[PDB]
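Before we start, here is the structure in question, set down as structure tokens.
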Amino acid sequence: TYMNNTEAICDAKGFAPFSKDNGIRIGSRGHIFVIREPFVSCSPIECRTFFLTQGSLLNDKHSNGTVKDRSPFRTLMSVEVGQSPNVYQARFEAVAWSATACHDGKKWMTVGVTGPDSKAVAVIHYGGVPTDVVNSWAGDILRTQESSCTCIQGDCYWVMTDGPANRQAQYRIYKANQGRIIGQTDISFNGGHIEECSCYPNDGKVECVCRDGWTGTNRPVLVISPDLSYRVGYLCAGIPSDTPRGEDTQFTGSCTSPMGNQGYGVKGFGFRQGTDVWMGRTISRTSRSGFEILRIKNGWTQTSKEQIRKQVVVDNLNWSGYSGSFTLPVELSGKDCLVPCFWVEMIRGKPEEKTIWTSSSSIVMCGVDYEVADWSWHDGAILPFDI
Amino acid sequence: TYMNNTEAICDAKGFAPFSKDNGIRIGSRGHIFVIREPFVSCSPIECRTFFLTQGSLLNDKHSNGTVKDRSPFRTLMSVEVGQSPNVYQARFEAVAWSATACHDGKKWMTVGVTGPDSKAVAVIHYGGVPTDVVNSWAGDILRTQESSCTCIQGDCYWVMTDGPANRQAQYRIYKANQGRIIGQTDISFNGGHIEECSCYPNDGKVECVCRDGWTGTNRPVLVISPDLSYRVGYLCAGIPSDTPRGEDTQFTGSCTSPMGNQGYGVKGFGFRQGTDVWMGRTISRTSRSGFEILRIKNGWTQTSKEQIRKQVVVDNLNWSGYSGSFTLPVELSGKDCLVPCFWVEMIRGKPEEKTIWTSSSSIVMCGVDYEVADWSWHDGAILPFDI
Amino acid sequence: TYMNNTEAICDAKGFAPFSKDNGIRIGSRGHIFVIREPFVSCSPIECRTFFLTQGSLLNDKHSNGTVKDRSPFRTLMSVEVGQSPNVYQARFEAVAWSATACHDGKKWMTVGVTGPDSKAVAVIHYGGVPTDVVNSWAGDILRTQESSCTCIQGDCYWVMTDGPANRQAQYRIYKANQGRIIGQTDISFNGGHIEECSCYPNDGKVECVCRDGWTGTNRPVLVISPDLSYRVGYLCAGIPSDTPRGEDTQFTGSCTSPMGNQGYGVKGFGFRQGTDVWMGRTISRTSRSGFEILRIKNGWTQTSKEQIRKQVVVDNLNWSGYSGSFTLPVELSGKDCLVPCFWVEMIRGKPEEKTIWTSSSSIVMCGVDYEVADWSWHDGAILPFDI
Amino acid sequence: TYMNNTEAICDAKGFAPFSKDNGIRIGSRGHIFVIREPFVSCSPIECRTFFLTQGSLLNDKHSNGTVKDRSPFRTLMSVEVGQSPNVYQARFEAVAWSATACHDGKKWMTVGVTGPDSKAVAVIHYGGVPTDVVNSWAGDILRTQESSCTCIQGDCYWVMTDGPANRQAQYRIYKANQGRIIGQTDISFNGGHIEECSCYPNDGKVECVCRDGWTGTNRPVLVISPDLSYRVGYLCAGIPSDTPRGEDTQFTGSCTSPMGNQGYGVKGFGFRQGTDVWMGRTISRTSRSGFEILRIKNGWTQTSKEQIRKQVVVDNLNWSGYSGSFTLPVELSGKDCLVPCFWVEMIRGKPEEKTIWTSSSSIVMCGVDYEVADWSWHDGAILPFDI
């Protein structure tokens, strides 16, 4: 049967470690795929870790220019949370250099985008076979979440972008049932930019905190209703959560527009808590190093900067990077609410380190109604490798 | 229960990528079987990739003369589509240096041919155990499809050849239920040659587009009816689809006889679309490089050369090779028709490259009702290896 | 449904080998996690071997300072009994540098402790997802069993310590159902010390034989009743069973207090047999070498030293170490009583051997109503490795 | 439910290849256990290949003196037929340096013998856990079949020996249900010797063709009835089938006594066919090289040497060795009779080859109602290895 996922997100006080794969450290001797963009999504029976491979293995010559982000070898696959993205326990998902996945309660639906930049094709799979397709509608690197999509009562949703990484681009919302596309919407967002949305379900609607790679150091937000009507804007909090970004003291919040003259970014996330908000971010304001999640009072509806909680998951002497959302299915947690969880990607190698390769590891954390002490569950791999 | 597979093939506009294993690139460091002749077949629950191994691994000394095509070590095995033909996720099927496999909806049926060339034995397995046998009837390399066989309402069919690779040979159609042979027919085809048939089910009959290794640059075709009555001939299209072959402008089509003075060939395929036809072929007319599928208007019933669609899957600067058919089970696609899919084998190593070994990789594509942009999902391995 | 586990422990005459993983010997060429603290727990369908990894592999540079006992890479995982703690057959459990696991008959419950020493967090998982948390209550290395916890009629129990490894510490009993904590108790034990309890179910109560790392060479014992009321003390036997320890002839037993001026220890175990007791111990009185289990007449209720049975499992020329309890589920053994079993950890590498690493192997033995001959199923690995 | 296995053996005309693992060739680069004594047994769902490991891997230093036959590292494990005895797809069975396994239709029962030679213990497992034990009754290397045991209507049987490898020894028949021993018998066989029995079920009784390592070049035979009453003797055929052995022309058959002055032997097998018999043997009469099975007219009841069929499976230029029986469950073959199958072990390394190690590979063949052509599915590994 289908996963209702109509409950509201659980109000958490802190997050506890769920897993840590140690992908890279292990890959020193083992046969581990070189990856990037790992993320978590759950079925009502287990949670899996999805990832994009370079079709090559750690400590091998094919892991060379594995920094480019795209190639015809790039593939989407998965293992159960905590397992390294190793070859012998991996499941093939889709041919992709950009993906998103989610389970509706019956089967898994994946979306892998591959093909030429000017005419990429996003193939949708369901139950292990392709079912529908979305062709590039703006001829410029069609891309999606790199995080778990969202399924509410059988219908699954996700966000996609097509256009430049700087100036105005084009964004759309997609909705599907059993792998077949059943609706779509264009998101009007002039002056704003949207990418790599980290979504989760809350009170029957789909909430996402994305990435503005054009001019925003604060993150865009969009509440998608089942009928595809929607509300787009920015995380209200008077604190920036993208990288690169300026100081918090130099940042005035804004619920409607981007702020700060930073034109880059990194995939991040946020969880609504009533009117409050749990927002993650790299400790460093310039580099993808360290990770922390802050809970801002009324930070979801106000330009508030009233911090009530702060928990470090990767200190600032260690590499971090991408991070995304997903929720624990009620059939697994037993709760009456949707337990909010996230993962932190820890990128190793180029561009920051002197190695011919680039891959990443991940740590997973979940909701919990207790204050969790600060610590650093960093990658821990020793570079360079037999390079 | 049994898979009806009585529906008609879906009318597709293009094909989207299903998977890509990256077998060879990965095999640079991992433990991957050296293979050749990979192919896809599906059960109503998953699709698998079958392959013939040399009983050796990539980057190992036993992968030496792995070009001979036959040996007592040659084995048939399988993994789920997209997975590399690796040792730790592989399932044993049959002892074979030539095979074919298909699922009837209840269990898997395989056919592995092994033994001496002058007295080979084809052992039939069902549910994981041998059930019946077919001995060489003409004492000269008994062989079969190297592609998915076909099951319609419980009864599975496949084609076999026995005789020389040049002059006249002998071809037969076999039919079985639950692993037990229940009928067979001799195919009268004087002047014609048949090998490595790529079949699929359409409107209750079994349609195949095979390989004439004697004199045909155009491919033979045979519609097998449940009673084993049949229609044999050649793809009508006024365009040749075998390798080697002459220019399209030098080729007059023919629905009844072989044309062009080329005596070699490569396993290829074709899908009927009403009276139209989707035909695959290597871009190069002499080498096994590049892959493309063309849709010819009335190309299945007329000496037509009216091209309506063309899609490249492996450009001409990359190695290609074998390619075969199979269909997506309705229990997986949800469609009311049989989604036509194919795979392209990308051979690396000898004879074209300077290495002591020879293996291949594969990419899988499926039906889809959209035009898919051209691209190249080539092997990508870097030769030579630690050789 | 739930495992009753209300039966009484079976009265055994000796123990027979169940399995031997050969983790280290195999790890010489294979991809085996570097481990420590392995233990066994069973579901009504299979028994698994749990272990703490260093997030690194044998014969790899990351296995360097793998002697420290704790780190942010330390992870809890499992394989089926007898399998080496290898990467490709491993299941992720929890982020932990100290753990305990048990099955209630429906799902697995694990408890992994990680985080800073002064504020560690123990995360509880159930069915593959975290469900509740226990924060360090005394700010000093929160730790637990490193052995199978105990589930009786749905409710699972385990013991935890928090405080110094020398002087007085703090110990508590925890009880949970379906991953959710439902009760807890503080254990009053002034002058006594408790750690790494090896528990099992007997006559509806939970019996444990733990480790006093403060001043006891004899082991503490605690019978936990379903209501969390309890009885704590020491194994009565007039024979010491911890390491280091003094001679048996210099040891007067004691049911209420620790004896001998040894302040260290090693995880060991004991099984009640009516009023008798099966107690394990390293042959050496100073080093963690050799393993043997002795059955003392009335050794559970009297300062008795009347030995009735002695069986060696690892001779004194070989390395041993940790050892813990667990029981065979009646749904697996068919018995009307709870078959008592144990495992012996065989540590290799530092501190005793000249290698840059430290890991361990294990052998498993079970109840049985026959006298089993002495022998040595030692590790057998050849050190040093390619170091 | 239980497997009846009361049908009679199928009358076969020849045997077709079932599988070939290529364990050693693959082990050149992969992580394959060093093995010996591999054998096949089937459940009503799949057939598995059991084997004894040395707790070490091919191409590793621990594979050194792997010729001794026994050690505390020796372990029994299994994979599905055709898979190499690799580490990542292996299942642990029992601690053993001599074993036997069989499925009764509900669960697997294994018997692993380990421990000191003068007091070995055979531990019996069922459903993955030890259930009963058999201690050495004659204090001299307790041993068993090294081949599939036999289950008829829930009760499983097997044969065991204890005593010298030369002069008189002691043999017994064991019978069990659900892992619990329910009966046993002593086999009176003065002047005769019995070892490594290859049994199968036929007409409701258990038939075995064993090995006389004392003075017999012809093989002993024993028909065990459900009540443990029995008939022991020798394969009547006027042709010897053990190794070493004298010429066929120098051999007068004998149904009651051993013949030829050869005191060694090798595990072999035989299938009754009415009053006829299919008997296997190494081609060489002195070395364990080449394998062939001959069908002798009335060879089961008469000193007959009338050969009606001969099929070679491993030519005489290749190494062979052990071989044993088992039957295909009717739930897998669909037949109304019990399809007789066997496996041939192909030993590589010492004592015949210049390597520091010793292991083996296997090929499996099954019943079939057709004449199968001769061929050689030999090991094929290239020695020495990276030694």
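Letters are used for the chains, namely A, B, C and D, taken in the order the chains are written, and counting of residues starts over at 1 for each.
Keep this in mind: a residue touches a chain if its C-beta (ideal position, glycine included) is under 8 Å from a C-beta of that chain, and two chains touch if they have at least 3 such contacts.
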{"item": "Angle of rotation relating subunit C to subunit D [CA atoms, steps of 5 degrees]", "value": "90"}
{"item": "Separation of subunit A from subunit B, taking each centre as the mean of its C-alpha atoms, in whole Å", "value": "39"}
{"item": "Residues within subunit B bordering two or more other chains", "value": "31, 88"}
{"item": "Overall pattern in which the protein chains touch one another (line/ring/star/complete/other)", "value": "ring"}
{"item": "Those chain pairs that satisfy the touch definition", "value": "A-B, A-C, B-D, C-D"}
{"item": "Complex contacts: residues of subunit C adjacent to subunit D", "value": "16-22, 25-26, 28-31, 42, 45-47, 80-84, 86, 88-89, 328, 332-334, 363, 366, 368, 370-378, 380-382"}
{"item": "Interfacial residue positions of subunit D with respect to subunit C in the complex", "value": "31, 33, 53, 55-57, 59-62, 71-73, 75, 77, 87-88, 90-95, 112, 114-116, 119-121, 123, 127-131, 133, 135-136, 178-180"}
